[PDB]
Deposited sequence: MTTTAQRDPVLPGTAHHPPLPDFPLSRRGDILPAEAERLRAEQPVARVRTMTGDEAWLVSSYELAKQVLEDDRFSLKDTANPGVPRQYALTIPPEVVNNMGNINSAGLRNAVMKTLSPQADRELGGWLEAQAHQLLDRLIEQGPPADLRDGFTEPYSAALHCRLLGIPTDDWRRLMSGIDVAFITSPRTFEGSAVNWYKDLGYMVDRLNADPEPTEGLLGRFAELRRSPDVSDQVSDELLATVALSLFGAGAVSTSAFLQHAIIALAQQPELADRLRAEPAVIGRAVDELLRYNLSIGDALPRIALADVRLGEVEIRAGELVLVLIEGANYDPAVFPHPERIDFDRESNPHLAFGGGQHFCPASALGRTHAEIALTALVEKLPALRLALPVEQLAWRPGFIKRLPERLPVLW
């Protein structure tokens, strides 16, 4: 009887199953939701090894006929987004866009967005949903600025993410319809009569007049927006649950705002926003711990396994803003380490700073056990994050 993957949808405590797997079979054979078999790696040491060993391929997880943890919801070519981006001389436009340094006003503008969104929830009074009222509009607004598009249609863009990022046992119609719908949005914004200045679409319009089709440009835009928005909103929601359940943390923040950096780094270690594992196909037979992994097999990295490993993190179950060291995997590791890590931090640091200043009596409106955790999604997240203040 293989343990079933994925683990619990509930994102406010580490699933007891992640603790058991890391302790008894840090490389366990598991059955994914497709019915394919996989190697789930749940210890820090072995997770870092997989991430840092190039014979475990990310690109190759989209190949036809390989074992899948769930259906492809995007074209095969996009699962190697950083690959293709690098190979087209597009890396510079993308890397300038992802660099927080490269946009001197980003900080002040993110800060202003966070303040106005919370000011709107304070105008109506508690309770409010901090997902629909804060994390979603805030993450959408960041990513509209990164692309250089307006914010008018954020709701329909974030609805695109509600479909794009579904984990299904089999392909579903409408995963592709969804992809081509918002690809179309990105192509229209890029080929606008007042041609787009500002953003990655600004840099893309500059770039296709030098000596890369419209479809690949739109593809990069759409794939960066959905990856960034889904990841930032989900992380921020779990960071918000941490501050609501542990108000001592929001007190430290208010008392000592400069510790927000180290604080977000700990919330990143602790956050359970990743609803699945980082996938790789073995390109060769590899001895990983006590298991022989055959070429062509699927390897699944359990970030929450590694980031809660008591071998590396003392008292891993307890949030601690004063860790001497924090070599966490929340951004992954090796060659596919998140290229937007600095931007992820800046996003969270600013939203969290604004929130503890604007809602100093922030708490869940109801017991944490009664939050609705989203099923069948790449991220764990509360469908609604009702709070009081």
query: Sequence order list of spans that the model leaves without C-alpha positions, deposited numbering; finding: 1 to 18, 230 to 234
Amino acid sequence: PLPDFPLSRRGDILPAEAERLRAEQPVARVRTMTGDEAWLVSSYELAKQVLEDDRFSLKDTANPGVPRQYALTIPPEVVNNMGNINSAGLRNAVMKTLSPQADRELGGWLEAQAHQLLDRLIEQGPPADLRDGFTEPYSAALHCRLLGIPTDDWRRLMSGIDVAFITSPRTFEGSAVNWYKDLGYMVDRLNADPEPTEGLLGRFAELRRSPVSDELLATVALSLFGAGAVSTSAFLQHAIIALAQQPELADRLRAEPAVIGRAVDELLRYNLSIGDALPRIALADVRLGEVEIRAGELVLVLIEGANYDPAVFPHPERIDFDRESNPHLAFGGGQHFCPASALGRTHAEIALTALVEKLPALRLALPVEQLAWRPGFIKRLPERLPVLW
From here on, numbers count along this sequence of modelled residues.
property	result
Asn271 unmodelled in at least a third of other compared entries	no
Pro257 dropped in a third or more of the other entries	no
Mean C-alpha temperature factor, higher of 202 to 210 and 293 to 301	202 to 210
Entry-level comparison of average CA B-factors, 326 to 334 and 63 to 71, reporting the higher stretch	63 to 71
Of the residues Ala102, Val163, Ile240, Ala277, the one carrying the largest Cα B-factor as recorded	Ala102
Residue with highest C-alpha B-factor in the PDB entry, from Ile260, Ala227, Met82, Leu249	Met82
Within-chain third of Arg156 by Cα B-factor, per the entry	middle
Where the record places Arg254 (Cα B-factor, split into thirds across the chain)	middle
Within-chain third of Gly89 by Cα B-factor, per the entry	highest
Chain-relative CA temperature factor third for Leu268	lowest
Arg22, C-alpha B-factor rank within chain (lowest, middle or highest third)	highest
